[PDB]
$ cat upload-v9.cif   # mmCIF, N, CA and C atoms
data_protein
loop_
_atom_site.label_atom_id
_atom_site.label_comp_id
_atom_site.auth_asym_id
_atom_site.auth_seq_id
_atom_site.Cartn_x
_atom_site.Cartn_y
_atom_site.Cartn_z
N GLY N 1 18.87 10.63 -11.11
CA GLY N 1 19.70 11.83 -11.24
C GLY N 1 20.71 11.89 -10.12
N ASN N 2 20.39 12.65 -9.07
CA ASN N 2 21.21 12.85 -7.87
C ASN N 2 21.22 11.62 -6.95
N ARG N 3 21.30 10.40 -7.49
CA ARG N 3 21.35 9.18 -6.68
C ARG N 3 22.06 8.07 -7.42
N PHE N 4 22.57 7.11 -6.66
CA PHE N 4 23.29 5.94 -7.13
C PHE N 4 22.59 4.73 -6.52
N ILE N 5 22.84 3.54 -7.07
CA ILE N 5 22.26 2.29 -6.60
C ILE N 5 23.39 1.28 -6.40
N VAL N 6 23.19 0.37 -5.45
CA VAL N 6 24.12 -0.69 -5.10
C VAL N 6 23.50 -2.02 -5.55
N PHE N 7 24.24 -2.79 -6.36
CA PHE N 7 23.80 -4.09 -6.85
C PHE N 7 24.32 -5.10 -5.84
N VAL N 8 23.46 -5.56 -4.93
CA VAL N 8 23.86 -6.55 -3.94
C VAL N 8 23.25 -7.87 -4.40
N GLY N 9 23.99 -9.00 -4.45
CA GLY N 9 23.40 -10.27 -4.86
C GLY N 9 24.07 -11.49 -4.23
N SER N 10 23.57 -12.68 -4.57
CA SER N 10 23.99 -14.02 -4.11
C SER N 10 23.43 -14.35 -2.71
N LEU N 11 22.45 -13.57 -2.25
CA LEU N 11 21.81 -13.69 -0.94
C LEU N 11 21.22 -15.08 -0.62
N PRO N 12 21.05 -15.39 0.68
CA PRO N 12 20.48 -16.64 1.15
C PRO N 12 18.98 -16.69 0.88
N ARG N 13 18.43 -17.90 0.73
CA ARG N 13 17.01 -18.11 0.47
C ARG N 13 16.14 -17.57 1.61
N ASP N 14 16.64 -17.67 2.85
CA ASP N 14 15.96 -17.24 4.07
C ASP N 14 16.23 -15.79 4.48
N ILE N 15 16.85 -14.97 3.63
CA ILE N 15 17.17 -13.57 3.94
C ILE N 15 16.02 -12.77 4.60
N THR N 16 16.35 -11.92 5.58
CA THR N 16 15.41 -11.08 6.30
C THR N 16 15.85 -9.62 6.17
N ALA N 17 14.89 -8.68 6.15
CA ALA N 17 15.16 -7.25 6.02
C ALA N 17 16.01 -6.75 7.19
N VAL N 18 15.89 -7.39 8.35
CA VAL N 18 16.64 -7.06 9.55
C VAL N 18 18.14 -7.19 9.26
N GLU N 19 18.51 -8.26 8.56
CA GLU N 19 19.88 -8.59 8.19
C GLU N 19 20.40 -7.67 7.08
N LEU N 20 19.50 -7.01 6.35
CA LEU N 20 19.88 -6.07 5.31
C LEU N 20 20.10 -4.69 5.92
N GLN N 21 19.19 -4.28 6.81
CA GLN N 21 19.24 -3.00 7.49
C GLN N 21 20.49 -2.88 8.35
N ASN N 22 20.82 -3.92 9.12
CA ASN N 22 21.98 -3.92 10.01
C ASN N 22 23.32 -3.84 9.28
N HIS N 23 23.38 -4.33 8.05
CA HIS N 23 24.58 -4.35 7.23
C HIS N 23 24.87 -2.95 6.72
N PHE N 24 23.94 -2.39 5.96
CA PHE N 24 24.05 -1.06 5.35
C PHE N 24 23.73 0.10 6.29
N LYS N 25 23.44 -0.16 7.56
CA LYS N 25 23.12 0.82 8.58
C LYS N 25 24.14 1.96 8.57
N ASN N 26 25.45 1.67 8.62
CA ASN N 26 26.52 2.68 8.60
C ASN N 26 26.49 3.52 7.30
N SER N 27 26.31 2.87 6.15
CA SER N 27 26.26 3.56 4.85
C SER N 27 24.97 4.38 4.66
N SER N 28 23.93 4.15 5.47
CA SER N 28 22.64 4.85 5.46
C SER N 28 21.94 4.97 4.08
N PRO N 29 21.41 3.87 3.51
CA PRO N 29 20.70 3.89 2.23
C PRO N 29 19.40 4.69 2.36
N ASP N 30 18.83 5.03 1.22
CA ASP N 30 17.58 5.78 1.08
C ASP N 30 16.46 4.78 0.80
N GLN N 31 16.71 3.86 -0.13
CA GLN N 31 15.75 2.85 -0.56
C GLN N 31 16.29 1.45 -0.23
N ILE N 32 15.41 0.48 0.06
CA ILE N 32 15.75 -0.90 0.40
C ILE N 32 14.63 -1.80 -0.16
N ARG N 33 14.93 -2.63 -1.17
CA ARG N 33 13.99 -3.54 -1.82
C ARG N 33 14.67 -4.88 -2.13
N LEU N 34 14.40 -5.93 -1.36
CA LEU N 34 14.97 -7.28 -1.49
C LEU N 34 14.10 -8.14 -2.43
N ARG N 35 14.71 -8.76 -3.45
CA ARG N 35 14.07 -9.65 -4.42
C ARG N 35 14.73 -11.02 -4.30
N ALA N 36 14.25 -11.86 -3.38
CA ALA N 36 14.78 -13.21 -3.15
C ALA N 36 14.72 -14.08 -4.42
N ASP N 37 13.85 -13.74 -5.37
CA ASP N 37 13.62 -14.41 -6.66
C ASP N 37 14.92 -14.62 -7.45
N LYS N 38 15.91 -13.75 -7.23
CA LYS N 38 17.25 -13.78 -7.83
C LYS N 38 18.32 -13.55 -6.75
N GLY N 39 17.93 -13.54 -5.47
CA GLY N 39 18.84 -13.32 -4.35
C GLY N 39 19.59 -12.00 -4.48
N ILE N 40 18.94 -10.95 -5.00
CA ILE N 40 19.47 -9.62 -5.19
C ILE N 40 18.53 -8.62 -4.53
N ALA N 41 18.96 -7.37 -4.44
CA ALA N 41 18.22 -6.28 -3.86
C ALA N 41 18.70 -5.00 -4.52
N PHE N 42 17.99 -3.92 -4.24
CA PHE N 42 18.29 -2.59 -4.76
C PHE N 42 18.34 -1.68 -3.54
N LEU N 43 19.35 -0.82 -3.50
CA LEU N 43 19.56 0.14 -2.43
C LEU N 43 19.97 1.44 -3.08
N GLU N 44 19.07 2.42 -3.07
CA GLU N 44 19.34 3.73 -3.65
C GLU N 44 19.96 4.57 -2.53
N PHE N 45 20.75 5.58 -2.90
CA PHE N 45 21.43 6.47 -1.98
C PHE N 45 21.35 7.88 -2.56
N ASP N 46 20.67 8.78 -1.85
CA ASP N 46 20.50 10.16 -2.28
C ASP N 46 21.81 10.94 -2.20
N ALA N 47 22.37 11.26 -3.36
CA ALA N 47 23.61 12.02 -3.48
C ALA N 47 23.38 13.46 -3.05
N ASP N 48 22.16 13.98 -3.26
CA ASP N 48 21.80 15.35 -2.90
C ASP N 48 21.78 15.55 -1.38
N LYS N 49 21.66 14.46 -0.61
CA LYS N 49 21.66 14.50 0.85
C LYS N 49 23.00 15.05 1.32
N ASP N 50 24.12 14.70 0.67
CA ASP N 50 25.45 15.18 1.04
C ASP N 50 26.42 15.07 -0.14
N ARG N 51 26.70 16.21 -0.79
CA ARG N 51 27.62 16.29 -1.93
C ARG N 51 28.98 15.69 -1.63
N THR N 52 29.48 15.78 -0.40
CA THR N 52 30.80 15.27 -0.05
C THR N 52 30.78 14.09 0.92
N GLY N 53 29.60 13.48 1.14
CA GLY N 53 29.41 12.33 2.02
C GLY N 53 28.93 11.10 1.25
N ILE N 54 28.27 11.28 0.10
CA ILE N 54 27.77 10.17 -0.72
C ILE N 54 28.91 9.20 -1.08
N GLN N 55 30.13 9.73 -1.25
CA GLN N 55 31.33 8.96 -1.57
C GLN N 55 31.56 7.89 -0.49
N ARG N 56 31.75 8.30 0.77
CA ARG N 56 31.99 7.36 1.85
C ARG N 56 30.83 6.41 2.03
N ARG N 57 29.59 6.87 1.85
CA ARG N 57 28.44 5.98 1.98
C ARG N 57 28.58 4.84 0.97
N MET N 58 28.99 5.15 -0.27
CA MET N 58 29.18 4.14 -1.29
C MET N 58 30.37 3.26 -0.90
N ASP N 59 31.50 3.82 -0.46
CA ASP N 59 32.69 3.05 -0.05
C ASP N 59 32.31 1.99 0.97
N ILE N 60 31.60 2.40 2.02
CA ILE N 60 31.14 1.56 3.11
C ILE N 60 30.24 0.44 2.58
N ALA N 61 29.39 0.73 1.60
CA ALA N 61 28.52 -0.28 1.02
C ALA N 61 29.34 -1.23 0.14
N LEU N 62 30.27 -0.70 -0.66
CA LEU N 62 31.13 -1.44 -1.58
C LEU N 62 32.08 -2.36 -0.84
N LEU N 63 32.48 -1.99 0.37
CA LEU N 63 33.36 -2.79 1.20
C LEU N 63 32.68 -4.10 1.61
N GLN N 64 31.36 -4.22 1.41
CA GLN N 64 30.59 -5.42 1.74
C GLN N 64 30.62 -6.42 0.56
N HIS N 65 31.40 -6.15 -0.49
CA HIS N 65 31.55 -7.03 -1.64
C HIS N 65 32.41 -8.19 -1.16
N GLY N 66 31.83 -9.38 -1.14
CA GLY N 66 32.47 -10.61 -0.70
C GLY N 66 32.27 -10.85 0.79
N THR N 67 31.48 -10.03 1.50
CA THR N 67 31.29 -10.31 2.91
C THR N 67 30.32 -11.50 3.01
N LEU N 68 30.31 -12.11 4.18
CA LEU N 68 29.50 -13.24 4.55
C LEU N 68 28.25 -12.72 5.24
N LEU N 69 27.10 -13.33 4.95
CA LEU N 69 25.78 -13.00 5.47
C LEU N 69 25.00 -14.30 5.60
N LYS N 70 24.51 -14.62 6.80
CA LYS N 70 23.73 -15.83 7.09
C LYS N 70 24.30 -17.09 6.40
N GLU N 71 25.61 -17.28 6.51
CA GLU N 71 26.39 -18.40 5.97
C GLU N 71 26.46 -18.50 4.44
N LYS N 72 26.26 -17.38 3.75
CA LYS N 72 26.36 -17.23 2.30
C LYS N 72 27.35 -16.10 2.08
N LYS N 73 28.05 -16.08 0.95
CA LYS N 73 29.00 -15.00 0.62
C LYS N 73 28.23 -14.20 -0.41
N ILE N 74 28.23 -12.87 -0.32
CA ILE N 74 27.46 -12.04 -1.24
C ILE N 74 28.33 -11.03 -1.99
N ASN N 75 27.81 -10.51 -3.10
CA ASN N 75 28.48 -9.54 -3.96
C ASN N 75 27.87 -8.16 -3.81
N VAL N 76 28.65 -7.13 -4.14
CA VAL N 76 28.26 -5.73 -4.11
C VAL N 76 29.00 -5.01 -5.24
N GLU N 77 28.28 -4.44 -6.21
CA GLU N 77 28.84 -3.71 -7.34
C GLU N 77 27.97 -2.49 -7.68
N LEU N 78 28.41 -1.65 -8.63
CA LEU N 78 27.70 -0.45 -9.05
C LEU N 78 26.64 -0.78 -10.10
N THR N 79 25.59 0.05 -10.12
CA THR N 79 24.47 -0.07 -11.03
C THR N 79 23.89 1.33 -11.17
N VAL N 80 23.93 1.87 -12.39
CA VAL N 80 23.47 3.18 -12.84
C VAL N 80 24.18 3.44 -14.16
N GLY N 81 25.50 3.58 -14.10
CA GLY N 81 26.38 3.82 -15.23
C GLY N 81 26.93 2.49 -15.70
N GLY N 82 26.07 1.67 -16.30
CA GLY N 82 26.43 0.35 -16.77
C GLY N 82 26.22 -0.59 -15.60
#

$ encode --input "upload-v9.cif" --output "structure tokens"
Amino acid sequence: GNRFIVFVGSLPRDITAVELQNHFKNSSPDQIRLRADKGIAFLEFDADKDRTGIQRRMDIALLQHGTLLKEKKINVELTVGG
């Protein structure tokens, strides 16, 4: 309902939660679940936490689309509404 999810993928085989937390630290996610099985993860963000702040939190997370992580390039897209 009052939350959105970030589809992050293409992650390295050796990925660590430390490297996930430090990336999205500024965007402040609610949920963090890494699935190395497909090199993807799920990051929920509580929209109810801030009606006018959830936007920037998503922007900051979305800006990581194509960033480099542990010598791999990763993707970031929306997941909820398609």

$ axis_aligned_box --input "upload-v9.cif" --around "range 43-48 of chain N" --padding-each-side "8 Å" --output "JSON"
{"center_x": 21.3, "center_y": 7.4, "center_z": -2.5, "size_x": 20.5, "size_y": 32.4, "size_z": 18.3}

$ residues_around --input "upload-v9.cif" --residues "residue 11 in chain N" --least-positions-apart "3" --cutoff "6 Å" --atoms "all atoms listed in the file" --output "MDAnalysis selection string"
chainID N and resid 39:40 74

$ resolve_selection --input "upload-v9.cif" --expression "the PyMOL selection byres (((chain N and resi 18-33 and name CA) around 8) and name CA)" --output "list in words"
residues 15, 16, 17, 34, 35, 41, 42, 43, 44, 45, 46, 56, 57, 58, 60, 61 and 69 of chain N

$ select_by_dssp --input "upload-v9.cif" --residues "chain N" --states "alpha helix (DSSP H)" --output "ChimeraX atom specification"
/N:17-24,54-62

$ atom_distance --input "upload-v9.cif" --atom1 "atom N of residue 81 in chain N" --atom2 "atom C of residue 2 in chain N"
11.6 Å

$ closest_residue --input "upload-v9.cif" --among "N:70, N:59, N:53, N:79" --to "residue 4 in chain N" --atoms "all atoms listed in the file"
N:79

$ atom_distance --input "upload-v9.cif" --atom1 "atom C of residue 1 in chain N" --atom2 "CA of residue 63 in chain N"
22.4 Å

$ residues_around --input "upload-v9.cif" --residues "residue 47 in chain N" --least-positions-apart "3" --cutoff "5 Å" --atoms "only N, CA and C atoms" --output "PDB file with N, CA and C atoms, keeping the file's coordinate frame"
ATOM      1  N   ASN N   2      20.390  12.650  -9.070  1.00  0.00           N
ATOM      2  CA  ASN N   2      21.210  12.850  -7.870  1.00  0.00           C
ATOM      3  C   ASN N   2      21.220  11.620  -6.950  1.00  0.00           C
ATOM      4  N   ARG N   3      21.300  10.400  -7.490  1.00  0.00           N
ATOM      5  CA  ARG N   3      21.350   9.180  -6.680  1.00  0.00           C
ATOM      6  C   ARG N   3      22.060   8.070  -7.420  1.00  0.00           C
ATOM      7  N   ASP N  50      24.120  14.700   0.670  1.00  0.00           N
ATOM      8  CA  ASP N  50      25.450  15.180   1.040  1.00  0.00           C
ATOM      9  C   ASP N  50      26.420  15.070  -0.140  1.00  0.00           C
ATOM     10  N   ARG N  51      26.700  16.210  -0.790  1.00  0.00           N
ATOM     11  CA  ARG N  51      27.620  16.290  -1.930  1.00  0.00           C
ATOM     12  C   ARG N  51      28.980  15.690  -1.630  1.00  0.00           C
TER      13      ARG N  51
END

$ select_by_dssp --input "upload-v9.cif" --residues "chain N" --states "strand (DSSP E)" --output "count of residues only"
26

$ atom_distance --input "upload-v9.cif" --atom1 "atom C of residue 82 in chain N" --atom2 "CA of residue 66 in chain N"
19.0 Å

$ resolve_selection --input "upload-v9.cif" --expression "the PyMOL selection byres ((chain N and resi 76) around 6)" --output "list in words"
residues 7, 8, 9, 62, 64, 65, 66, 74, 75, 77 and 78 of chain N

$ closest_residue --input "upload-v9.cif" --among "N:80, N:38, N:71, N:54" --to "residue 5 in chain N" --atoms "all atoms listed in the file"
N:80

$ closest_residue --input "upload-v9.cif" --among "N:13, N:73, N:67, N:52" --to "residue 37 in chain N" --atoms "all atoms listed in the file"
N:13
